[PDB]
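A.B. asks: piece number one of the complex, untouched:
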Amino acid sequence: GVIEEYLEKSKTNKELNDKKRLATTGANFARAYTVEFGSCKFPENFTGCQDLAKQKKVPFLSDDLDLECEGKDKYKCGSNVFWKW
Amino acid sequence: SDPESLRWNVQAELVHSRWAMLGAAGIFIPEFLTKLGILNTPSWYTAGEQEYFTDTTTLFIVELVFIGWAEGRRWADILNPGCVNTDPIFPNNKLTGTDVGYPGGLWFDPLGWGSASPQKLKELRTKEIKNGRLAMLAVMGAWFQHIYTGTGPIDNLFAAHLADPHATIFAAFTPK
Amino acid sequence: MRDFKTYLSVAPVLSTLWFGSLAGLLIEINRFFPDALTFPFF
């Protein structure tokens, strides 16, 4: 090597850089820096509107965690009246 | 059930050790010393920026005319006089042996109490950190590895490549 | 640890670390001068 001025004028810099908003990652799921969403409440399926739907709803999905448990109807087998068809 | 191997010179391995490793002192503190931003800057114009190069391999010659000299004088009269022939005292010689060096010749000796005893106390000091230096430099010579491998962009060689997150090198710390 | 008037032993075929290697360093001269059949001198 051989140096002329000055290892730098303006020193090392933007090569790690993050600073005001060191953001990416902690953020991104800056959908969900706060996975905030819906109602507060309540009636039904929420997941509005974006997100969607409710797809199969109640205890399902939601799990997720919907919530709650309900006097149901508690999933278990048989029903859903396998409404297909 | 356990090896057959205390190399009798189990006694000598230990003294290129105090060689190797005390020695790595020279690199350990002057490096990170360096002097972050001294104020700052590393610039060496002087014998070096106009007289057609300075060193490289006149480097070595002069450079280790002395290491030359001194490293030789180092083990080859560490001690051992008597210095020839012909039956066993083991190390692979002590064919100095029972005679240190001279029967009433000169002052072969250092120090009173007919030996060489640099006195009794000083196990302290260099048992500890020093055969430390052996140990120490094992792992910040295991940093030599970490400190640079990855050939900072400027070259992938034999292209596996083989994944890709982000770079690596040195300066202290770590993302984590 | 080895001074004057012969030393320590070695195995049956350290010749296999003497055919292989030493001699091996000689291909190492037979590519530095990748060729012979007479030779310039120094």
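C.D. replies: It's in. Residues are numbered from 1 along each chain as shown, chains lettered A, B, ... in the order given.

A.B. asks: Helix, strand, or coil at the residue nearest the centre of chain B?
C.D. replies: Nearest to the mean C-alpha position of chain B, counting by C-alpha atoms, centre = their mean, stands residue B:20 at 2.3 Å. Per DSSP: H, G, I helix; E, B strand; the rest coil, the local secondary structure of residue B:20 is helix.

A.B. asks: Contact residues of chain A facing chain B?
C.D. replies: With C-beta under 8 Å from any C-beta of the partner chain as the criterion, chain A comes near chain B at residues A:2-3, A:6-7. To be clear about C-beta, it is placed using only N, CA and C from the backbone, and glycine gets the same treatment.

A.B. asks: Closest one of those residues to residue B:64?
C.D. replies: residue A:2 (25.6 Å; C-beta to C-beta).

A.B. asks: Nearest residue to the closest one in space, please, no chain neighbours.
C.D. replies: Nearest non-adjacent residue to residue A:2, counting by C-beta to C-beta, 6 or more residues apart in numbering or on different chains: residue B:49, 6.7 Å away.

A.B. asks: Up against chain C, what does chain B have?
C.D. replies: Counting by C-beta under 8 Å from any C-beta, chain B sits next to chain C at B:9, B:12, B:80, B:83-86, B:91-93, B:95-96.

A.B. asks: Spell out the secondary structure type for residue C:27.
C.D. replies: coil.

A.B. asks: Identify the residues contacting the residue of chain B found nearest chain C.
C.D. replies: The nearest approach of chain B to chain C comes at residue B:93, 3.4 Å away (C-beta to the nearest C-beta). Residues near residue B:93 by C-beta atoms under 8 Å, 6 or more residues apart in numbering or on different chains: B:80, C:1-4.

A.B. asks: Likewise for residue A:62?
C.D. replies: A:45, A:47, A:54.

A.B. asks: Repeat that for residue B:80.
C.D. replies: B:93, B:96, C:3.

A.B. asks: is it possible to export the residues you listed to a markdown table including secondary structure?
C.D. replies: Output for the contacts of residue B:80, formatted as a markdown table (three-state DSSP):
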| residue | secondary structure |
| --- | --- |
| B:93 | coil |
| B:96 | coil |
| C:3 | coil |
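
A.B. asks: now the sequence for chain D, which goes on the structure above:
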Amino acid sequence: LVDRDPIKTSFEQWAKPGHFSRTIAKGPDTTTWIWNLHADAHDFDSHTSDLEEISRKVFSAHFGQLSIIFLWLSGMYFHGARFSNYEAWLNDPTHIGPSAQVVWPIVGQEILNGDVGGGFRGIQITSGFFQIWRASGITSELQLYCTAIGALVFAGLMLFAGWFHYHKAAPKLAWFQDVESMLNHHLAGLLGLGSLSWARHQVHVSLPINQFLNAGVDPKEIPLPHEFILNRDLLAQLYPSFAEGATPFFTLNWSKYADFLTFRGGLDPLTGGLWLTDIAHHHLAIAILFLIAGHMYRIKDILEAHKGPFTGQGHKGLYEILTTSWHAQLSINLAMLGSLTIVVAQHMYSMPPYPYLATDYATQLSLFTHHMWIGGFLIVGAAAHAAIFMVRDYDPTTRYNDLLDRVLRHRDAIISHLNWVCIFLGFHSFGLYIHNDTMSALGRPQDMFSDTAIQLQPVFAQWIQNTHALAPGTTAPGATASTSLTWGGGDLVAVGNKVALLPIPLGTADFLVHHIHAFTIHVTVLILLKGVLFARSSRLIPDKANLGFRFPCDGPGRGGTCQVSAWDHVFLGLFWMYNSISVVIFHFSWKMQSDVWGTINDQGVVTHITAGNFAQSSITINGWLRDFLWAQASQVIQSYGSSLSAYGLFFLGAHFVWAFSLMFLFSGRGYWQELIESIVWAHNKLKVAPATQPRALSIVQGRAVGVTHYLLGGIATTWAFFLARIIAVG
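C.D. replies: Below is chain D, added to the chains above:
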């Protein structure tokens, strides 16, 4: 020996002249004991007079083979990987011409590295990986690079089981000296649980990942690294997820199926390596047996049972000492292991089991002669080690009056016959050819032995071949073609680069080689049979078990008294077998190319590597160098300046090394002594010799350096002669 013990050194024995028979390597210096030490290094008349250990060594020093076969394979999987050509060859078979090895361009080298396929410089292959490797229900270069270290894993570990024996304070007697179960286990679940296990990873994964390879694609445009789990959805193309069946049995309905298998026989048009739709079924249908079978049992009982009049009273009791031998239960084995290898050598060439073989000519004949020299090199052995029994193994004579004591009873007898057998053969088995010369060089064909002159008439056909390719009409179910396409009846269409297998016709020039084999296989065995039988006692020497099964020769008297022994019957028995195999090889390729190997084009007008030159012209034993040796080999002696070249360039050495054996074979012994001193003299004048008394070769060592050379000479000669006439045209 101390050093000193018993009990009361860990301090190991490194230093103090000798060990091995007791006025041992003596203080006094010599050389002979340096071929001693290596030879007979493994042996057992010394180490201790007490079984015990030995089995505790052989179950360890064994181990380091598996581990080795394991360090090997790895450098082959690695090799068959990053030194690629496999990736390139597979999208592009029929086309490539594979490699795994490549030089480095030091000195002359590079000529040896000549464009092999998927665009690179290298040296070819006649060792059918790239073809077991068809398997890879996955494909990928770095992947074989796991199967590779997976190899080095089994090794280090399946090599620290060898530390975890002998060196560790070992098991003992009962452990093997109760045999009671051993095969129970072995055959049941490994013989079984492999073939079984192999089934599960032979339709799961492989079948599908070449069911839709036999068409096109470029891999990873197919077979992911996991893809083949619970996803029993692609298994949908290659049969049901059982649909409505539950664990075979019958209350099942097929209005249109019958699981994978659906038995084949013949050859894929596009990959004639025999069908895989079968390959699961057959391995499944194995294992079961083994799975049921390895469930005998605990041992005498069954053998302690059926006797008769002339039969074997000692049949009953056929060896307590078959839990107390080795040298016996090794010799038996080698005859089988060995004789059960070269049965491979056929079912291979007349029924390929891998995709792309036959079309691949050179990459499965190499095979059929490599596998061929083991089903021979392991058989003469299978006699040697019986001689090693017959001489010594047991302590005393506790073994008595039985099947053997019987066979020996006659002995100037079992071998009295067998002899005449051979001279009946030989006369009917070789001078047969010589007729032709003497009378075709006299020249009157009217009366030769031609496939046409001596009465046989344009047909061979009616025997059993013609009731094999035609048998899918018996109790036989069926499945288009046969079992092995090389059989008389029907079919043709086999392959679209070159050819594969077709009928393979016979008569004479197939009749009489087939017979030279007889006489060759027979006089081989005469010498081994009589050799191992007369192991210990005879009416040339009865005081003749008194050292070991070697011993040079008893002594100038009795007339000759030289060869005798049985090291040496297993020395002149190799000498033949080198022929036995060396002429069987000579047979196959001259057939398999004279006919079979050749090639299709329009109207599939077949064009063998040689329009059947065999015809009237192997029958002459000169035609065997007119049509063979001088014809083919023109490729070995043209091979200079090329890529394979290393063959022609071997073919001189090793065609030299053989012609160096005779020196070791044909010579005296106090000769090279008488000579070695003239030497030793000139030595002493300068002061340069005595220490370690330089000595000539140990009569029978001399024979050891015959034979072994005569073989690695006389053999690789063709290993070269071959690879040089299937690479390049053929």
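
A.B. asks: Give me the residue at the spatial middle of chain A.
C.D. replies: By C-alpha atoms, centre = their mean, the most central residue of chain A is residue A:32, 4.4 Å off.

A.B. asks: quick one, phi psi at residue B:27?
C.D. replies: For residue B:27, the backbone dihedrals (degrees, to the nearest 10) come out as phi -90, psi -40.

A.B. asks: Leaving out the residues flanking it, which one is nearest to the residue most central in space within chain D?
C.D. replies: Nearest residue to the geometric centre of chain D (C-alpha atoms, centre = their mean): residue D:374, 2.5 Å. Once flanking residues are discounted, residue D:374 sits nearest to residue D:341: 4.7 Å by C-beta to C-beta, 6+ apart.

A.B. asks: Using the three-state scheme, assign that neighbour.
C.D. replies: From three-state DSSP, the assignment for residue D:341 is coil.

A.B. asks: what sits against it?
C.D. replies: Here residue D:341 is in contact with D:371, D:374-375, D:378 (C-beta under 8 Å, 6+ apart).

A.B. asks: Can you say which helix or strand has residue D:233 in it?
C.D. replies: According to DSSP states H and E, residue D:233 maps onto no helix or strand at all.

A.B. asks: and the residue nearest to the centre of chain A, what helix or strand is that in?
C.D. replies: Going by DSSP H and E, residue A:32 is not in any helix or strand.

A.B. asks: Would you mind listing the residues in contact with the residue nearest to the centre of chain B?
C.D. replies: B:134, B:137.

A.B. asks: Endpoint to endpoint, stretch A:64-73 covers what distance?
C.D. replies: In stretch A:64-73, first residue to last residue: 17 Å (C-alpha to C-alpha, to the nearest Å).

A.B. asks: Please point out which parts of it sit buried.
C.D. replies: residue A:66 (16 or more other C-beta atoms under 10 Å in any protein chain shown).

A.B. asks: follow-up on the earlier one: dump the contacts of residue D:341 into JSON lines; add secondary structure and distance to residue B:161 as well.
C.D. replies: Formatted as JSON lines, the contacts of residue D:341 follow (DSSP: H, G, I helix; E, B strand; the rest coil; distance: C-beta to C-beta, whole Å):
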{"residue": "D:371", "secondary structure": "helix", "distance to residue B:161": "42"}
{"residue": "D:374", "secondary structure": "helix", "distance to residue B:161": "44"}
{"residue": "D:375", "secondary structure": "helix", "distance to residue B:161": "48"}
{"residue": "D:378", "secondary structure": "coil", "distance to residue B:161": "48"}
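
A.B. asks: Go ahead and add chain E:
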Amino acid sequence: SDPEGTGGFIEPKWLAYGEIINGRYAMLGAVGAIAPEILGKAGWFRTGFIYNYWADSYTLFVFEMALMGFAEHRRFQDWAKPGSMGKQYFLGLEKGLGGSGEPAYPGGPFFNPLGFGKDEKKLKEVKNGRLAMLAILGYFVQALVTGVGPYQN
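C.D. replies: To build on what is shown above, here is chain E added in:
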């Protein structure tokens, strides 16, 4: 001297008794059921998914199981014994304060003697039943018939 490792009919069983004991609370999923709301899966196929998951990610996974495995073999050496573990502090007579002793169970000793009213009305069984908790999730990872399902039902 060289470290030791005595095999003898059945060490392999004392440490093999132990291996499963640790794995019986490394059973985890139903022993501490609050542990996984969905954490048994490391991270469906459909599966569940109406990754695997949000997550608790990362790297620094080897360093743990190694470094705290660099402790498993210390309560295996230290208490070979000659005791001095409580190096205390050079000066200061005020350090009667103890803590326990060697602990197995409610601590130093058992303690606070005084007890029984109500709670009311060996020890390989405290083992045996939790492989009957271990090997149970074992097949429950692959616990599916899928194409079909519960024949039973």
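
A.B. asks: Take the contacts of residue B:20 again, chain E included.
C.D. replies: Contacts of residue B:20 by C-beta under 8 Å, 6+ apart are B:134, B:137.

A.B. asks: ok, now how distant is it from residue B:110?
C.D. replies: Counting by C-beta to C-beta, to the nearest Å, the gap from residue B:20 to residue B:110 is 26 Å.

A.B. asks: which one is the closest residue to chain D within chain C nearest to, not counting chain neighbours?
C.D. replies: Nearest residue of chain C to chain D: residue C:27, at 5.6 Å (C-beta to the nearest C-beta). Nearest residue to residue C:27, sequence neighbours excluded (C-beta to C-beta, 6+ apart): residue D:106, at 5.6 Å.

A.B. asks: Go ahead and list the helix or strand containing that neighbour.
C.D. replies: Counting by DSSP H and E, residue D:106 is found in no helix or strand.

A.B. asks: how much space between the residue nearest to the centre of chain A and residue A:26?
C.D. replies: 11 Å.

A.B. asks: try residue D:582
C.D. replies: Distance, residue D:582 to residue A:26, using C-beta to C-beta: 77 Å.

A.B. asks: the more surrounded of the two?
C.D. replies: A count of neighbours by other C-beta atoms under 10 Å in any protein chain shown puts residue D:582 above the other of residue D:582 and residue A:26, at 20 against 11.

A.B. asks: Contact partners for that one?
C.D. replies: Residues near residue D:582 by C-beta under 8 Å, 6+ apart: D:714-715, D:718.

A.B. asks: Now do the SS call for the residue of chain C found nearest chain A.
C.D. replies: Chain A sits closest to residue C:32 of chain C, with a gap of 30.6 Å, by C-beta to the nearest C-beta. With three-state DSSP as the basis, residue C:32 sits in coil.

A.B. asks: Could you report the neighbour count for it?
C.D. replies: 7.

A.B. asks: Ramachandran coordinates for residue D:78?
C.D. replies: phi -70, psi 130.

A.B. asks: quick one: contacts for the residue nearest to the centre of chain D?
C.D. replies: Counting by C-beta under 8 Å, 6+ apart, residue D:374 has contacts D:338, D:341-342.

A.B. asks: Good, wrapping up.
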